[PDB]
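*Asks:* This structure is in C-alpha cells; I'll ask about it shortly.
No value in this document is a laboratory result; all are computed from the given coordinates. Don't worry about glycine lacking a Cβ; one is built from the backbone with ideal geometry, like all the others, and counts go over all protein chains shown.
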2 protein chains.
Amino acid sequence: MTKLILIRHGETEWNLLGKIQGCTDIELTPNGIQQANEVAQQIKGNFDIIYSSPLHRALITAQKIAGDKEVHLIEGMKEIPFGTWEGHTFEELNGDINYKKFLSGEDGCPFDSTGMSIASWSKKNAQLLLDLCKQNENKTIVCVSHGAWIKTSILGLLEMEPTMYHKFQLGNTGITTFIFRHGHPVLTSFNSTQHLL
Amino acid sequence: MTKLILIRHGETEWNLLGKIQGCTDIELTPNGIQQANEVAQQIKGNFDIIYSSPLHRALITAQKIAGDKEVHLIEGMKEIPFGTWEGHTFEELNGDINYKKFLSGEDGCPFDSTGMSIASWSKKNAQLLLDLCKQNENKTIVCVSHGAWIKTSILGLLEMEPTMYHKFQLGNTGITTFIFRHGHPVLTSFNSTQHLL
C-alpha cells in the first residue's frame, strides 16, 4: 500500500506570463500562497513522509502541506533545465529547430540546447521515483515538484512515449497519485484541482 | 474553450464485489447515491449540456448532477459488453484464453468473445466523443458513463496503446476532463475524487 503523491507547486508570476521558468528561483505570487494552503487542507496531513524541490516555489508549497513534518529536500526534484528557453514564452520559440523537435518527438523531444530531452528525463525521473518508493514501502509519499518534471515522471512511470507529454496539462497545485499493481505503477489520479476556488 | 468532462457512475453492489458489471442494470447503493450527490455538489451546475448512459446506475448519477437540466441519453454511452465475463471477478477469469490476451495485449486485448477489444473501443468511443464535441463547440460537456467505457475513451482520445488501459484506475464518480489544443484533446484531469467525504 505504497502511495505516491506528486504535487505541482503554487502559482508564480512567470507561470502567469507563460515564461518558461526552469532554474530561476521565482517566488509564489499571493494567489500561489493561497493555492498551497487550500491544497494543504485537502491533504490534512494524510501522508507519512514529504519530499520537495529546493526551489522556493516548491519548498514553500511543501512546507504548508507538511505542517509539522520535516520537508526533505531532494536536488534531483528540482525542475528540468531549459537552457536558452528560460524566460521565453512558447510563442517566442516558433522557428527554433530544437522546439520543432520538441513538439515532434524527433530526438526524444529535446529541451533547448541542454543535451537532454523528454525521453531522458522520463527514464531518469522515473528511476529516481521508484527507488524513493522502494525506500519507503507501504507508506504514503508526497513530492512537491514542477510541471515539466512531474509530467516526464508520469511518462517514465507508465512507459509512455515522449510525445504524450503534450497531452497532459498540469496546473498549479494539481495532485497526481500512483499505487502499485503488482510491481507496476498504476495511475489513480492526475491534476486534481477540486481544492481550488 | 471546448471542455469535455467524463464522470463514472456511483457505487453499486457489484462494484463492491469485483463483479464485472456491463449489461446488468444494477442500481446504486445508498453510498453510491451519496457519491452522486457529492459529485453534483462539486459540479454546482458548471456545465452546459450533460449526456448519459441509459443504464440506471449512470442516469441516476447524471440526474443529480443535471438538477433542472435535461439529461441526454446516448445509447453508445452504455458500458462495454463483457459477454461471458459478465457477472464474474477477475480471479474467476483466472485461466481464460481471452483474459490472458486482455492483459498481454494480444488481438488488441479482447473482452470475452464479444468480438471486440480495447483497441476497437478506443477508436469507436473517441470518434463518438469527438463528434459530440464538434457538435457542442465552445461549451462544457458532461458525460456520465462506465469504467471500461471511459478508460477506452481516454486511450482513444490520447491515442495510447491498448495495454495502457491497465495503468489507469478509475473510481466511482471519478472526474476526467479534456480540452483542445489546437484541435487535439489534452487531458487536464483524471479520476478526481476530492468530493468524496
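*Asks:* Give just the number: which of (1) in contact (Cβ under 8 Å) with a residue 24 or more places away in the chain; (2) within 12 Å of another protein chain (Cβ to nearest Cβ); (3) of a type in the set (A, V, I, L, M, F, W, C) does residue A:164 not satisfy?
*Replies:* Checking residue A:164 against (1) in contact (Cβ under 8 Å) with a residue 24 or more places away in the chain; (2) within 12 Å of another protein chain (Cβ to nearest Cβ); (3) of a type in the set (A, V, I, L, M, F, W, C), the one that fails is (1).
*Asks:* Residue check: is residue A:91 charged (D, E, K, R) and either in a helix (DSSP H, G or I) or within 24 Å of residue A:40 (Cα to Cα) (or both)?
*Replies:* yes
*Asks:* Since residue A:144 meets every condition but one in (1) within 13 Å of chain B (Cβ to nearest Cβ); (2) among the aliphatic types (A, V, I, L, M); (3) in contact with a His (Cβ under 8 Å, 6 or more places away or on another chain); (4) buried (at least 21 other Cβ atoms within 10 Å of the Cβ), which condition does it not meet?
*Replies:* (1)
*Asks:* Here's something else I'd like to know. Could you tell me whether residue A:109 is more than 14 Å from chain B (Cβ to nearest Cβ), hydrophobic (A, V, I, L, M, F, W, C), on the phi > 0 side of the Ramachandran plot and in contact with a helix residue (DSSP H, G or I) (Cβ under 7 Å, 6 or more places away or on another chain)?
*Replies:* Criteria met by residue A:109.
*Asks:* Working only within the range A:94-108, note down all residues that are outside any helix (DSSP H, G or I) and of a type in the set (D, E, K, R).
*Replies:* Residue satisfying the conditions is A:96 alone.
*Asks:* Quick check on the range A:86-100. Is at least one of its residues at positive phi and either surrounded by 21 or more Cβ atoms within 10 Å (Cβ to Cβ) or touching a residue at least 60 places away in the same chain (Cβ under 8 Å) (or both)? Before the answer, list the steps.
*Replies:* First, pick out the residues of the range A:86-100 that are at positive phi: A:87, A:95.
The next check asks that each one be either surrounded by 21 or more Cβ atoms within 10 Å (Cβ to Cβ) or touching a residue at least 60 places away in the same chain (Cβ under 8 Å) (or both); those that pass are A:87.
Taking every residue of the range A:86-100 in turn, at least one turns out to be at positive phi and either surrounded by 21 or more Cβ atoms within 10 Å (Cβ to Cβ) or touching a residue at least 60 places away in the same chain (Cβ under 8 Å) (or both).
*Asks:* Scan the range A:73-85 for residues that are surrounded by fewer than 16 Cβ atoms within 10 Å (Cβ to Cβ) and over 30 Å from residue A:141 (Cα atoms) and jot them down.
*Replies:* Listed by number, the list holds a single entry, A:84.
*Asks:* If residue B:32 meets every condition in (1) small (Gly, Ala, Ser); (2) surrounded by fewer than 20 Cβ atoms within 10 Å (Cβ to Cβ); (3) over 12 Å from residue B:142 (Cβ atoms) apart from one, which number is that one?
*Replies:* For residue B:32, the failing item is (2).
*Asks:* Within the range B:169-179, restricting attention to residues that are surrounded by fewer than 22 Cβ atoms within 10 Å (Cβ to Cβ) and under 24 Å from residue B:26 (Cα atoms), which residue is nearest to the other protein chains (Cβ to nearest Cβ)?
*Replies:* Ranking the candidates gives B:169 first.
*Asks:* Right, here's the next one. Return the residue satisfying two criteria in turn: it lies in the range B:180-197 and is closer than 24 Å to residue B:134 by Cα and more than 7 Å from chain A (Cβ to nearest Cβ), and of such residues it is surrounded by the most Cβ atoms within 10 Å (Cβ to Cβ).
*Replies:* B:185
*Asks:* Can you spot a residue in the range B:151-158 that is surrounded by 23 or more Cβ atoms within 10 Å (Cβ to Cβ) and away from chain A (no Cβ under 14 Å)?
*Replies:* yes
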